[PDB]
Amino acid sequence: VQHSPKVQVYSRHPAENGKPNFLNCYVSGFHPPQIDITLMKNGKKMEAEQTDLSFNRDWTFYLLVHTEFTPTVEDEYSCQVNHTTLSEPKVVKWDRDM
């Protein structure tokens, strides 16, 4: 029994171009717990943090991967996670309308 992770990419406050902020990769609902989450500045890794492993009452785990950033009008941000239920590393680009 194994479910695959949902992923949301979003800013902590609404995006204001060139005003410091926080970008969040929320990885939730997955099992088994082993998982590979990477925040990426323009298709290359960012230095980020990771909250402690926890799980819901249905036992599916969840994590937050969060680094500070300053949005620009040009730079693309992305989250990349790997998991046994994923044939191919899944990528969600950051839409700042979401």
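Residue indices: 1-based, along the sequence shown.
Asks: Could you check which stretch, 28 to 36 or 67 to 75, carries the larger mean CA temperature factor in the entry?
Replies: According to the entry, 67 to 75 carries the higher average C-alpha B-factor.
Asks: When the modelled residues of the chain are sorted by Cα temperature factor, does residue 49 land in the lowest, middle or highest third?
Replies: Residue 49: CA B-factor falls in the middle third of its chain.
Asks: With respect to C-alpha B-factor, does residue 3 fall in the lowest, middle or highest third of the chain as deposited?
Replies: Residue 3: CA B-factor falls in the middle third of its chain.
Asks: When the modelled residues of the chain are sorted by Cα temperature factor, does residue 81 land in the lowest, middle or highest third?
Replies: Highest third of the chain for residue 81's C-alpha B-factor.
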